[PDB]
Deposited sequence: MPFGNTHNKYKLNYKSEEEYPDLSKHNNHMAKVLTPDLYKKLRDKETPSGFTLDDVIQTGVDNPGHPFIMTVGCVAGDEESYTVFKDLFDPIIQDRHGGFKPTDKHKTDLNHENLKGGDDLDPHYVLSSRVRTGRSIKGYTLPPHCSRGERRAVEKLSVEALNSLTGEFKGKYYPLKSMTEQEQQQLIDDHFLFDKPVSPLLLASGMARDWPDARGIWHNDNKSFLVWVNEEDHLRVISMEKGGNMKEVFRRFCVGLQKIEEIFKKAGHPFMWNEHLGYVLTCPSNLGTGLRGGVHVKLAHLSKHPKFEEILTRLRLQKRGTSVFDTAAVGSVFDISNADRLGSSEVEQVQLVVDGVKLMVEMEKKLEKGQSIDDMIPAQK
């Protein structure tokens, strides 16, 4: 990435011509001129935020964020870039709005145990950053190793439902690796160019690794896209339990990290901070794998997804999850999943009977 202030702003300004990303829509020659000479306490500059957006012009059909933060201070130092990108990507969320965090699983009160004939598996995942180290697109091997070191020691101390074991990618045996492959716990070097272009793939697999509890119901990936990626999963429909395991496991790693002088990066405005702006706030994606045989063929599938504020992705089973991140707490996001997936299983149980279905007005369930 890197700039050179001996050069004129216009000589260094990126050619964002046929680019279709949140970064390219916001950058103007002035914004670059104004912020091109700044940098974070760690040496992270604007050229470094926008690099992956200069390299990846993408496709007109879909918009990527096109930029990353290498620090907790990148969001502040370069707020004039990030601010409008955050308001756009996250539905008008202003520079002056606040993000409420809610990990009291007891507040899911009104959320349940979804139909096993339709919900194959239930799952909640989030991403965390650790205060004190820079984010993956910038962190040094020393920083990476410290994050891995701190995490492994926290995880190794966990006990009971949370007792588990760590699996470094570097010295992984074929047996240890095939297991993880058919356990769905494995990750490898990023092939995505949006990921590769921000420089977060350097030194692979130094300090990267995989941790999971003995029950294989709780998983943590270390040093991949963000310092930590945590997941609570289950076969079936007990979303309450998946969220509760998730919440309790998170609070146990969080206090160990607090005590060591390294809490999860978090601020009243952005909630939990992570490397990609589209993940700010909760970093959460709670979802299910549902059999929507008829509903998915229905003309109003897309619209019903939108009004329930959920979204889907491949796997006639779909991976449906909440679509919000900033502006709403985790209890409210996993609440919308329980609600709209309950509704959709009802709708599917009607079409099975040749009956017509009824949508709800927007933003509920």
item	value
Deposited sequence positions missing from the model - stretches, numbered from 1, in order	1 to 7, 323 to 331
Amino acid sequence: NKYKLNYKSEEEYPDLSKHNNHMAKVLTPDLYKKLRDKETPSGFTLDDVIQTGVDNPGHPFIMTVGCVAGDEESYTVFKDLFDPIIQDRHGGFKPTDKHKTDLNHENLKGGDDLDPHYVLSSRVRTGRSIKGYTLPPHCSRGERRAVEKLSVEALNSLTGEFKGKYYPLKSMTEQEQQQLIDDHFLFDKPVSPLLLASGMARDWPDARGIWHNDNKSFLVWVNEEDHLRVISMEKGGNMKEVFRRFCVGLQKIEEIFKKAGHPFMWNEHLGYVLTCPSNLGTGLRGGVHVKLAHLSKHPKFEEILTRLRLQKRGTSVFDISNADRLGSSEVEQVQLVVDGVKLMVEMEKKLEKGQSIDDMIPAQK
From here on, numbers count along this sequence of modelled residues.
{"query": "Entry-level comparison of average CA B-factors, 277 to 285 and 117 to 125, reporting the higher stretch", "finding": "117 to 125"}
{"query": "Residue range whose averaged C-alpha B-factor is higher in the record, 148 to 156 or 182 to 190", "finding": "182 to 190"}
{"query": "Top Cα B factor in the deposited entry, candidates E234, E72, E224, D80", "finding": "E234"}
{"query": "Residue, from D47, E303, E39, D324, that the PDB entry assigns the highest Cα B-factor", "finding": "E303"}
{"query": "Cα B factor band for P205 (lowest, middle or highest third within the chain)", "finding": "lowest"}
{"query": "Chain thirds of CA B-factor: placement of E346", "finding": "highest"}
{"query": "Ranked C-alpha temperature factor of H294 among modelled chain residues, by third", "finding": "highest"}
{"query": "Third assignment of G314 from its chain's C-alpha B-factors", "finding": "highest"}
{"query": "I62 - Cα temperature factor, lowest/middle/highest third of chain", "finding": "highest"}
